[PDB]
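A quick write-up on the structure given underneath.
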Amino acid sequence: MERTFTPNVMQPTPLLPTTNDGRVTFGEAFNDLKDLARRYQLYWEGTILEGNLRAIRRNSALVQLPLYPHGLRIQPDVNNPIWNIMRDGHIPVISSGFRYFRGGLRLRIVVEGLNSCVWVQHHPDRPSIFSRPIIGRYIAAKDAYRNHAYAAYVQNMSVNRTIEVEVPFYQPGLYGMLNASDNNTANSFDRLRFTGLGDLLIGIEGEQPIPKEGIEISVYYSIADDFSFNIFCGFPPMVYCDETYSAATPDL
Amino acid sequence: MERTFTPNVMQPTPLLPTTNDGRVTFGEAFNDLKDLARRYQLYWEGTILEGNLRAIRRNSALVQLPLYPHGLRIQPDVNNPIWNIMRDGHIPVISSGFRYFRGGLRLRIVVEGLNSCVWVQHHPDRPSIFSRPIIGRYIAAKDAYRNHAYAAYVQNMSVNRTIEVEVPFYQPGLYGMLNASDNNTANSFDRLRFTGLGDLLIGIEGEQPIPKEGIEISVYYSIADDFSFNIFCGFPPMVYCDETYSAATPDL
Amino acid sequence: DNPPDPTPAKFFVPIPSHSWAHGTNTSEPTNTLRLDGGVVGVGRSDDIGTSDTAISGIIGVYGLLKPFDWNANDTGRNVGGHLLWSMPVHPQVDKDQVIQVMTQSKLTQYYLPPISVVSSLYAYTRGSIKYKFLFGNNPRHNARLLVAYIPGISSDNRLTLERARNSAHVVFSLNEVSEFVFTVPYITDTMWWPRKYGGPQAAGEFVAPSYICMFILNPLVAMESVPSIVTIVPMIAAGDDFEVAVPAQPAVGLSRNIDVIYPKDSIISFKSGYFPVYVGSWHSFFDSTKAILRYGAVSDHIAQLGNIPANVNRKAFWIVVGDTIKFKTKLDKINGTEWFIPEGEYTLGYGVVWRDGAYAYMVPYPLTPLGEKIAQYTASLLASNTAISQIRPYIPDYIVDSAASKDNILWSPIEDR
Amino acid sequence: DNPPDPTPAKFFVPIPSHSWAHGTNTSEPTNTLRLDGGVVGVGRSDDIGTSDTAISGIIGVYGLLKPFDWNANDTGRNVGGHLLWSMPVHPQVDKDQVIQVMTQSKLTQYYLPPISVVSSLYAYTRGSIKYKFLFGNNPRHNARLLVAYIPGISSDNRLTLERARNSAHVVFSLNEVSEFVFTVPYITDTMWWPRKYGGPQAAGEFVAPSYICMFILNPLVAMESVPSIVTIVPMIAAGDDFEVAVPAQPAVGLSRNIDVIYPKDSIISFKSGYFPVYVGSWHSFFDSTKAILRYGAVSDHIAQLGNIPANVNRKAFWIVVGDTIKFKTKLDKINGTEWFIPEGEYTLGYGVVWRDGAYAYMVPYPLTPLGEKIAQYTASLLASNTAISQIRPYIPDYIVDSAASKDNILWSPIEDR
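Residue numbers (PDB author numbering), protein chains in the order written: chain A, 1 to 252; chain A', 1 to 252; chain C, 1 to 417; chain C', 1 to 417. A prime marks a further copy of an entry chain.
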């Protein structure tokens, strides 16, 4: 099989004795990318002010969040230092080498600055066809308000400011597409219902005003236990993080 | 063996009957320095004001903390009464008698005055070559912001103002050097990657302003269960704590 | 019945969340958004494989490296003892040994092999590496090569065939053979070796431990009815003994978005009234045979740079950020190197600062991988106060004045190995 | 199925953290920063020993104490009954029996033995102590010594050979023997004995329970073709029966940073116009044969000290904090002691306050371990209103006026045993 084809081997020395993927020297093993994809990373983070929400905030949504195992399309700007120099996390880098998947994701919503209550819904039959989130007053009514019968969780910030949920796989097909394009008209159906786990909506439930500094919502994510990165195609070409901010100014 | 060589013994009385290292009189034994090194002590403590951080605080780091089993190089001044008269803790005193080590450390970060969220990362492949911490706006971008894929912990101060983490040993060699010098050019490689456990970064995640009194961060540390003080070389010369503040003014 | 329960309360410590770092060998409490409240997992069948994230199966797949031509008619190069190809040995490949795509004002795209991609996710690495060499030949071509693994060496500064034979090496015969693999050893003074490329501002970076070099033993022979050039395509994969230690900030990012915002505090430009600029010549700089940026045709009208911050490394060269210009330059092959710039029209991508007293001037360089190397080398020569006469061959030549810029040109500090 | 769970809630008590004091015989919940979420510990091999922190193995190692010379030609000292060497017995050694390094304006560095270092970490101590004595002799030298352990005595004020023989003691013969160990007993009215040196401001300090003394039984003999001086190097280690009870504030700190900031509230100096100062003489003070600090050459121009706070102990002497001066002084050997200062140039390190009515004057002392002792003893004599004529031999002599100070001189209160 050509991908691993090694003809006419010329090997001067014997192989190097094993450490069981680090288990001999350190106390743990490192043999599967799936394990690393289960270590949380930043999915999206933003600040929301009263001006971003509807004039009359009738317990409306704060964030409409599309759920992709390969993460969102990052926007590196002066306001987002992480995406600019850290770029994409490990999970989007891992995901890029595989075509398909079939599992769920585990999220962690951290809301700071708000004394009210937060509601979270999962819309598996309504996933976005764009790789960017929708904020506040730009969210359509169909999603801006709590829908019935969807799997949900409602949490008071007074008890805990961190929400922990696991989003399931509810798709009509065999696989979900990894690394999908937002420019897709020839296969809209694939992009619409065979790509994302369904939008996750994060809203507020109370009359408390938002501080002038605003509230900050940080969504971390990771792969669930039933998740699988399925068919290994090539890796795409990469960029180097050390080529964002140069070492010509070692401290900056 | 010369270090314990005792020739021509002259002993007037028999030995003193045992108490099993205090277990007979008090309820516990005292036979190993490793046990004392597992009792927490102050590692570093400081106050941070808005003026110490970047003008635009984009969830940037508060403290860049180098991790040494033998502790930091203390600075005794009028603002730091502990280091001035208590000097170095027991762990730096214990560490001074040994050349090497191979284990992890256990930390405890206590953050007071902040209502926001705190993030903590461990950078095992990026340990500092200096025995002093870096604060706020002086922290380079590569460390000032949350990096991906590193072992981390994110904690809301609303639930608990004390963070408990254990930092592992992730070094490419056999030993880590104890009592290492900051003036080291002939062996930069040893000082860079075979000395410290890797920097620990403590940052803030939220838009909440810092009070005019500032926030205070107190990091305590101790030896982990897998830790070992390894090769006994000499003790270095010591200073006496009773020679800081004199008893000539018994109350002061 | 309502019996009291005076059982003593337990001490418990409240924390807001479960582990953020743990990814294996533990349970994770969570609120599952399902109708079934038990331990639930999506259904499967043979239609849906198991996760193919086993590292060894990934890094075992060969990735392509920068190919090169092997010309049988080159009576200069095609001789015994000649170094055809060489580089440091480490899982991430050197950037200049990998296929690239550059974009003005954006980041470079690198085609990294699977072993390189995976390694950039971890801090340490170790083991043998399989270097497969593919030759574009037919049964007429013949040669013998000596490829060597030199432990503890990072460059070819002291490297000769007659020294390379004194390390672990193999001798390959190209007699009706097109593929062979050189599984190189792992020879180190330690058990794990730190990755070379790390994070922003060279965070946690280091160097490679060893060197691989291909020498000409018996030169390539062809005939008159057969191609005189034989291309060689190097490929790389992990040996069966390869391992990766410790999760760290990825050295890499995806190429879906190659945008980048360079730090505003490091940006430099020309003083007001000293722009627009164009590429030209003036007498006090190698008798006006070399290229510099001018702001006018009167002489001693050489564009001056604004204030250059003191935190900028002395050995650093510069890269253009905003709009730029095209200019025609050339550079003749430099002795002891394969460094030459053919005469053509190139975009301005790099610059090196030439200081003359209280005035600072900027020297233009082409936006090309070789232009990046020559610019860096020149900046280093200015750093060691090298003779002005010895830096001369590393500076692009003056051919003709080029177009002017729309306005000022912005530059950002960079530095390479 | 969705059965209700009406099981009564339990009372629990929230606390922010786990134990801070516990270091053994318990588990510690914590968030491990690893990828493996189980009970994980770093790997090991024979290349990496086990922790060598077992106390008995540490305090068993001998440490060196202050050596001394034993001169066979000293017809005064080298006689039967003479006390060669003596000190209190306790695990921390007396400060004046340990090798020292002093630094102007900084802390003194002490070379403490392993048994001394470890003991400073704990509050109590008990057991036998091994005192090894090493002699610089060859087969010509001969003597006999009587070393004794005197329980319940802290000084040699009532100590004679003919009394020392009435306690536990040993008699050593130096006949072709260079090393011997005197394992002294532990004789106390209680089971644990409090450490001597504690913390800042003598926090939790106490005294030693017993005394060790070396007497000359048969005086040292040498010959003409052989060195007449025999050096004796005392060393100390813990006996097999030695134990340490209770963790407390370390009596010691590292010497990596010997800086110290003395309390500003205790600092004293000279009144304005009464500085700069120099060391000199005046008539009303032992006919101008002793050293005092003057501010001018007109007489009755003796530097006056500023306000001295009432919280300062009456028996306390002083130490210079900032800049200082050098001065030439001397002191002849005092009867019944080995106290003498040879004529030389010394830095000014210590001072004792001499009161004359509403005016307070300062007497200079050399920055030397013996100068520290003589200064302290003098301050004590002034405290008991000792005769002015009897304090005279404890004051440095006047030789010649010394250089002046740059400006005022600052002093800080200190006190010794």
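No residue lacks a Cβ here, since even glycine has one placed at the ideal position from N, Cα and C.
By a C-beta neighbour count over all protein chains shown, 10 Å radius and 16 as the cutoff for buried, is residue i buried or exposed?
| i | result |
| --- | --- |
| residue 235 of chain C' | buried |
| residue 277 of chain C' | buried |
| residue 20 of chain C' | exposed |
| residue 1 of chain C' | exposed |
| residue 224 of chain C' | exposed |
| residue 378 of chain C | buried |
| residue 380 of chain C | buried |
| residue 155 of chain C | exposed |
| residue 158 of chain C' | exposed |
Taking C-beta to C-beta, are residue i and residue j nearer than 9 Å?
| i | j | result |
| --- | --- | --- |
| residue 402 of chain C' | residue 328 of chain C' | yes |
| residue 67 of chain C' | residue 232 of chain C' | yes |
| residue 184 of chain A' | residue 99 of chain A' | no |
| residue 225 of chain A' | residue 41 of chain C' | yes |
| residue 15 of chain A | residue 239 of chain C | yes |
| residue 176 of chain A | residue 197 of chain A | yes |
| residue 64 of chain A' | residue 183 of chain C' | no |
| residue 146 of chain C | residue 65 of chain C | no |
| residue 356 of chain C' | residue 409 of chain C' | no |
| residue 204 of chain C | residue 126 of chain A' | yes |
| residue 251 of chain C | residue 197 of chain C | yes |
| residue 36 of chain C' | residue 234 of chain A | no |
| residue 28 of chain C | residue 106 of chain A | yes |
Looking only at its own chain, which residues have a Cβ that is under 6 Å from the Cβ of residue i, when we skip the five neighbours before and after it?
| i | result |
| --- | --- |
| residue 208 of chain A' | 115, 116 |
| residue 34 of chain C | 40 |
| residue 162 of chain A | 110 |
| residue 236 of chain A' | 96 |
| residue 70 of chain A | 92, 95, 178, 179 |
Since I believe residue j is in contact with residue i (beta carbons under 8 Å), could you give me their beta-carbon distance rounded to a whole number of angstroms?
| i | j | result |
| --- | --- | --- |
| residue 150 of chain A' | residue 165 of chain A' | Not a contact, Cβ separation roughly 12 Å. |
| residue 6 of chain A' | residue 181 of chain C' | 5 Å |
| residue 376 of chain C | residue 317 of chain C | 5 Å |
| residue 167 of chain C | residue 150 of chain C | 5 Å |
| residue 325 of chain C | residue 405 of chain C | 5 Å |
| residue 243 of chain A | residue 347 of chain C | Between residue 347 of chain C and residue 243 of chain A the Cβ distance is about 18 Å, and since that is not below 8 Å, they are no contact. |
For residue i, collect the residues of the same chain with a Cβ closer than 8 Å to its Cβ; drop the 5 residues on either side in sequence, then sort them by chain order.
| i | result |
| --- | --- |
| residue 290 of chain C' | 281, 363, 392, 395, 396, 397, 398 |
| residue 122 of chain C' | 195, 244, 245, 246, 247, 248 |
| residue 228 of chain A | 34, 101, 102, 103 |
| residue 283 of chain C' | 299 |
Going by beta carbon distance, what residues of the same chain come within less than 7 Å of residue i, once the five residues before and after it are set aside?
| i | result |
| --- | --- |
| residue 21 of chain A | 29, 30, 31 |
| residue 262 of chain C | 321, 412 |
| residue 187 of chain C | 151, 210 |
| residue 44 of chain A' | 65, 72, 133, 219 |
Identify the continuous beta strand (DSSP E) that holds residue i and give its terminal residues.
| i | result |
| --- | --- |
| residue 92 of chain A' | Residue 92 of chain A' -> not in any beta strand (DSSP E); alpha helix (DSSP H) instead, spanning 90-95. |
| residue 42 of chain A | 41-48 |
| residue 142 of chain A' | Where residue 142 of chain A' is concerned, there is no enclosing beta strand (DSSP E), although the alpha helix (DSSP H) it sits in stretches over 141-144. |
| residue 353 of chain C' | 341-356 |
| residue 292 of chain C | 292-294 |
| residue 112 of chain A | 105-112 |
| residue 451 of chain C' | No answer is possible for residue 451 of chain C': the residues shown for chain C' start at 1 and end at 417. |
Sorry if obvious, but does the Cβ on residue i come closer than 8 Å to a heavy atom of the ligand PLP?
| i | result |
| --- | --- |
| residue 344 of chain C | Of the ligands one can find in the structure shown there are none, so the ligand PLP has no counterpart to examine. |
Can you tell me where the alpha helix (DSSP H) holding residue i begins and where it ends?
| i | result |
| --- | --- |
| residue 83 of chain A | 81-85 |
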